[PDB]
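Heads up, the chain below is alone and in the form deposited in one PDB entry; it's given as structure tokens.
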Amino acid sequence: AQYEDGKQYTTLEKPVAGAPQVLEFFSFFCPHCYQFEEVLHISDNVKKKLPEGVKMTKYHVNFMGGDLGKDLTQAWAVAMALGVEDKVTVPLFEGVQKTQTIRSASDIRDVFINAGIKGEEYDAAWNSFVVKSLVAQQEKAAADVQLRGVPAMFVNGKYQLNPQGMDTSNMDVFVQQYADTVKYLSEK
């Protein structure tokens, strides 16, 4: 009983059938999500412990940042459709929270242009119904679990990570505890 329901994780009372195996939610407006991604590298370290054949999904949410918050969910959909998440995640986080130079949908587009996505390719994707379906999927998954806080991670539709029960004196130990818990939960 080294991992206890209620301590390092909680159990959903209404488990979600058909869910992705590892499902992470975030917002580019979310201060802890900035730490999680830019300083701790949570997603990457989880993936390096996950068993073979367990895939990881990451989705943006609407409920922070009003109008721009919703623009960012559609931009994340563009990032997923074009496969350029690894190129835009850092300048989007920094544009929103560090330099505070992202203030409109056009400013979001600038980050993609600077990362090398051609202007016509971004605009075609942005207006595509493939991207509209990806926005729909992101919203659906958040609604499925009554999501009200980010950062958040879910395993096999049944378990939600609880980082509040982890020591933060050392950032590397914390990340390792987090990844090892996702691994334990995926095996279960």
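Only the largest set of C-alpha atoms that superpose within 1.5 Å between the two forms is called the rigid core. Heads up: residue numbers just count along the shown sequence, starting at 1. Shifts are known only where both forms have a C-alpha.
Averaged over CA atoms, B-factors in the entry run higher in 6-14 than in the other of 168-176 and 6-14. When the mean C-alpha temperature factors of 151-159 and 60-68 are read from the deposited coordinates, 151-159 comes out higher.
If you compare the C-alpha temperature factors of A143, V131, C33, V39 in the entry, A143 comes out highest. Among the modelled residues of its chain, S27 has a C-alpha B-factor that falls in the lowest third according to the deposited record. When the modelled residues of the chain are ordered by C-alpha B-factor, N45 sits in the lowest third. In the PDB entry, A125 places in the middle third of its chain by CA B-factor.
Below: the form deposited with a small molecule bound, not depicted.
Put simply, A125 is far from the small molecule in the entry with it bound: not one heavy atom of it is within 4.5 Å. Residue contact with the small molecule in the entry with it bound: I42 places a heavy atom within 4.5 Å of it. Within this chain, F26 lines the site of the small molecule in the entry with it bound, having a heavy atom no more than 4.5 Å away. The closest heavy atom approach of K58 to the small molecule in the entry with it bound falls within 4.5 Å. With respect to the small molecule in the entry with it bound, the three residues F36, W76 and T89 uniformly fall within 4.5 angstroms at the level of their nearest heavy atom.
Taking a Cα shift of 2 Å or more after superposition on the rigid core as the cut-off, the single stretch of three or more consecutive residues that moves between the shown form and the other one is 52-54.
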